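All remarks here apply to the structure that follows.
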Amino acid sequence: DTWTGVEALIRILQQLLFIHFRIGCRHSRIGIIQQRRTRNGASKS
């Protein structure tokens, strides 16, 4: 084994997850963009 390369694969995988929480916070959950987005309850019905 060479464990520094295995470690380097899990450091990119937790960075892409950190990125998914930062971009998903400014998409869903801005100032009530979760229950009411455009229509109240469903997204658009």
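Residue numbering restarts at 1 in every chain; chains get A, B, ... in the order shown in the structure tokens, and ligands count up from 1 in that same order.
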
TODO: Run DSSP on the backbone and grab whatever in chain A lands in helix (DSSP H, G or I); send it over as a count of residues only.
DONE: 23

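Put simply, atom CA of residue A:4 is 28.9 Å away from atom CA of residue A:23.
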
Task: d(atom CA of residue A:14, atom CA of residue A:28) in Å - done: 20.5 Å

Task: Pairwise distance for atom CA of residue A:20 and atom CA of residue A:37, rounded to one decimal in Å - done: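 A separation of 19.6 Å between them.
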